[PDB]
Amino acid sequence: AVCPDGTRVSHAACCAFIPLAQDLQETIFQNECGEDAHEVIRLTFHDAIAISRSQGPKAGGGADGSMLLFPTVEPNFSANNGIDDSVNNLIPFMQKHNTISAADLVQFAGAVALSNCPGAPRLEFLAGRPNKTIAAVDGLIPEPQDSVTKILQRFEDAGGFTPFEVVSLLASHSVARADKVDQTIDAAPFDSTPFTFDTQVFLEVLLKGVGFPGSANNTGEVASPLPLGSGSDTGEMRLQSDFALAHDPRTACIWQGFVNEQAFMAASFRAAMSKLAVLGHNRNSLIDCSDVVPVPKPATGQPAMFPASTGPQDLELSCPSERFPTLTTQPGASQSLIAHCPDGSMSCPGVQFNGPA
């Protein structure tokens, strides 16, 4: 099919996604892997994972737009703290781009957001999820204080994900920050490159923790290797869950196996996202609209490196059967600040719509 705005696409139903991508980019992402993009990527997961094989369909419909369609329910659960921003940013698009279901909007918006992150894959995007569902129940969203056993069981119950797929999906923490874990600081990044979809998070979680970016007393947080902040450039935060996954015998080898393996990480993330994005649906009933996902920004191709103030002596290794790679260390004796903005600065307020969540 040829769209009215002269693009040839695979299927006529794909056409409406072209102006949607343009609108998302102009309005909330600005072609950046920044705050609003990150919040939308997080929403793809919180929307999709709220499904349970054991509890049955009444517990939730998976990748179904429930967060948008019932904005006063799940966003107010404690495990969904902070999801309101992404929900309130996407509702105006649901209202305007009113041939595309809420469910499809969430998954597509995440694919568009990710495409702005250098190194990210071009996600598969299937379309045709219905615009009617139910609100999910509480307890379906993993929390950072949870054990590895609890996390792996949650993902197995949601969609049969293997531990390999779970760790693969945590490549998203390469482009991720925390606003609610510590009430005293905002935008605390999980790696030193929160605007780049690289392997730094896998490396940096394996370093010895030396302090905290804010207070020392927060649920779900453990000591960070890069805690220095100044102004709006908040220090790195480490989640208890990521730490636990990096060291648990079930997942340690998988965790380590992504260090300095960018193409493998990106391909693995793409494969697990293909499964996540269709939870609650039979993929044989969704049309392939992958050609309307924007082409992602390329990586520079550089290897992973130890940040200044760290090195191999700081590693806490847990995989007996795989050799840890030889990596360089960035020069300097003290830690560099992790910039608050993609252009290196301190200030870059994003667009935020008011709304019902």
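Throughout, we count residues from 1 along the sequence that is shown.
Two stretches are in play, 75 to 83 and 216 to 224, and the higher mean C-alpha B-factor belongs to 216 to 224. Comparing 226 to 234 with 197 to 205, the stretch with the higher mean C-alpha B-factor in the PDB entry is 226 to 234. Within the selection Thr329, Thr27, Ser66, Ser52, the deposited Cα B-factor values reach their highest point at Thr329.
Of the candidates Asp186, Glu124, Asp242, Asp191, the deposited coordinates give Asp186 the top C-alpha B factor. In the deposited entry, the Cα temperature factor of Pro307 sits in the top third of values across the chain's modelled residues.
Sort the modelled residues of the chain by CA B factor and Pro325 lands in the highest third. Among the modelled residues of its chain, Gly110 has a C-alpha B-factor that falls in the lowest third, as given in the PDB entry. The PDB entry assigns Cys117 a C-alpha temperature factor belonging to the middle third of its chain's modelled residues. When the modelled residues of the chain are ordered by their C-alpha B factor, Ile100 lands in the middle third.
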